[PDB]
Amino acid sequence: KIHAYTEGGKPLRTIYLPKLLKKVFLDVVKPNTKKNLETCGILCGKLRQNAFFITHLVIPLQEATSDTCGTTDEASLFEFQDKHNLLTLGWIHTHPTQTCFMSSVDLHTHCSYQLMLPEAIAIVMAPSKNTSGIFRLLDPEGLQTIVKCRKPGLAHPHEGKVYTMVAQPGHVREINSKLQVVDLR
């Protein structure tokens, strides 16, 4: 039905994302959003039948400013994921007030995810605009750009085309599947 490929021709397995996940994330992190504070979640799940299924939205211990969030205890996150056999399939965060895009920081953050898993996605929620989007870096070229980049500054720009929206249809398929939210904070 659908065969998806990277910019360099590599095949991308499907990620099934529960249709309710995005709203549910917003509900759970609402107290931070009210404070104009970003919140991050990890999209975790399993590989079955050559496809990935997001089963768990994991909210780690984290530090949030108005334009960054970052997990602060990677070990507790990684041990929770390993105890329950949960793969890392991508990540989701809010822009409480800004528009829907990937910031400089977002691109650097996503590069880890996508180097480990070519299918890895970044979901960005812009609740004050009622918009959202699912993104990824161009592979290889955007990944190359970000890895080579040494610029200082939280908001530094990037030369060239670096990231893109996941296409519709594409390797992400939204389905009516259940969701478990795990809050580790």
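Don't overthink the numbering: it's just position in the shown sequence, from 1.
For the pair 19-27 and 158-166, the mean B factor over Cα atoms is greater in 158-166. Remark: stretch with higher mean C-alpha B factor among 66-74 and 53-61 is 66-74. Note on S103, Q114, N85, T88: the highest value goes to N85, judged by CA B factor as recorded. When the CA B factors of the chain's modelled residues are split into thirds, the value for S128 lands in the highest one. Per-chain ranking of the deposited C-alpha B factor places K46 in the middle third. The deposited CA B-factor of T99 belongs to the middle third of values across its chain. In the PDB entry, a CA B factor belonging to the highest third of its chain's modelled residues is recorded for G153.
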